[PDB]
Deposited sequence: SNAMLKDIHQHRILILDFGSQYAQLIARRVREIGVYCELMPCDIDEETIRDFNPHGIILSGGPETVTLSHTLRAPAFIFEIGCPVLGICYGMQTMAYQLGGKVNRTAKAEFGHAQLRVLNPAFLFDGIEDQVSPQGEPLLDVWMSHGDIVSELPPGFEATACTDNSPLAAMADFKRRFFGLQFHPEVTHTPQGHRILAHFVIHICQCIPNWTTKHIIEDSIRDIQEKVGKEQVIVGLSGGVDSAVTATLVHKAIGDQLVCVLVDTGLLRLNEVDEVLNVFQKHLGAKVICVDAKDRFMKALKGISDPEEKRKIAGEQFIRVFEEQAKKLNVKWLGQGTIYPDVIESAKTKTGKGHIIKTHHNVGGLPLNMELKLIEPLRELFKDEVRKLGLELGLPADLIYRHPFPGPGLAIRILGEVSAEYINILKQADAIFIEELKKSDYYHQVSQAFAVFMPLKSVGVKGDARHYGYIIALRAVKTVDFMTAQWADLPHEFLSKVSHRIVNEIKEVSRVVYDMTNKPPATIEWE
């Protein structure tokens, strides 16, 4: 496995990760490297094909290497500049195909009165190409853009002025599948079952007969590491679960049911609850909260291990956190979709797999001021109530994330709770919200009044 692979160069752009994800969905391995990376890397990666992406809001020698190249938006611009030819805002556009090529064979959204194939696409209007380089030809155009797609054919270089990754070009996934499977000639073996097997073999070859600790604390990625490791080395896995005090009401219990009661597993419970409240005893700065919690986390995991004489630590590091810039990281090449797909296949329960993300520092965010315990206990209840409804009204999975935050401000007196749910804040029904607010204030004394965040992904962050 791994032997068929696509290199994606990142020129910025939200959608770089997502080119990669679409490629993994097609069934082929790929890595996402920044464009400032050097030849050697790229040479030693020796890809079947390269995809240039991006531009937010020069790559060099990759046209010498034998493989095919696909430039997306800005990727098309520099592909133009760096070969011959001249060069110089996002929306839907109706693209018209001239030469259905290799990259567009089939692939039609409409046919048009004149009998020409048309694609609905999400254009990047600013990444314009004025004149074609030598060897290229117009393979697609739009009313406002004479050359919205390029193609060499002899060198197998291709350009698009739109984003095929995004759902707003419906047939985009087929276009990418045509590049990867047909033009780059990759056979799909990046499967899930094949990932599970490759990963078990890796864990076995690296760890041998000696023990591994995995922190159950941490949601889907941890659960997947623990089970993945468990399957690889059985009794050698020793699970540790630290109650930092910063976890959701029933997390400790829910986790123990899965790993201890079901499926055997040695699980060590560490208290750490008093430890974490000290160390955060002052500390209002939310950036210093994140440091202290997390430092104190790795410390606890080092103490356990420098105690059970364990040399290896298993972490749930995934690929997105890798690309943001003695351990065993089984998921470090995987995106979140994939971890979820592995999770189901490994035998974890659905409700754990598709649970809302939970931050690393946990509830140490979600309290605005100093974190205290007096405060976590009352936050735990409002949050519990909030997600209990949602579950009872099947609204839970219609939102991407949902939680309560605690403001230590007080009103007519008692503290204020803020509710956060997004999808782009979620348009939940009045009467339902009322029932959630009504309950939080009534059941939890020492509160009075709850509020709902109405601020979107662009202007404000999801977490406070």
Deposited-sequence ranges lacking CA coordinates, in order, are 1-7, 65-73, 105-109, 347-372, 460-467, 479-485, 527
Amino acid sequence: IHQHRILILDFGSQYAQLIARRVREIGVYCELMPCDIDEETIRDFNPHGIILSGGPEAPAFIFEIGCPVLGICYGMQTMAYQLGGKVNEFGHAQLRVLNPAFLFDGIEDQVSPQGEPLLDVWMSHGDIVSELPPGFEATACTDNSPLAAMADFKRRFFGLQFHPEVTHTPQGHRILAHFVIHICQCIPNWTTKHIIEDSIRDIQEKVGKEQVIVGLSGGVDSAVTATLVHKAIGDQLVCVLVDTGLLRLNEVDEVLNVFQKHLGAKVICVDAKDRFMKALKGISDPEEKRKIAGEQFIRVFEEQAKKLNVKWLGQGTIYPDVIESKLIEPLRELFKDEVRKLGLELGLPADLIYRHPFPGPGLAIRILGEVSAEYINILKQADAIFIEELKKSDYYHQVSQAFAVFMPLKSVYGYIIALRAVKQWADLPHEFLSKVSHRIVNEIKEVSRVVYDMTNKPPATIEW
From here on, numbers count along this sequence of modelled residues.
If you average the CA temperature factors as listed in the entry, which stretch comes out higher, 272-280 or 354-362?
272-280
Averaging CA B factors per stretch from the PDB record, which one is higher: 427-435 or 23-31?
427-435
Peak C-alpha temperature factor (PDB record), options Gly172, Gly343, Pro320, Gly91
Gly91
Which of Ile183, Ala305, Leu247, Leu95 ranks first by CA B-factor in the deposited coordinates
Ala305
Ranking the modelled residues of this chain by C-alpha B-factor as given in the entry, is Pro117 in the lowest, middle or highest third?
middle
Quick check for you: using the entry's CA B-factors within this chain, is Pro47 in the lowest, middle or highest third?
middle
Tell me, lowest, middle or highest third: where does the Cα B factor of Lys410 rank within its chain?
middle
Check where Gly294 lands among this chain's C-alpha B-factors and tell me if it's the lowest, middle or highest third.
middle
What third of the chain, by the recorded C-alpha B-factor, contains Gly84?
highest
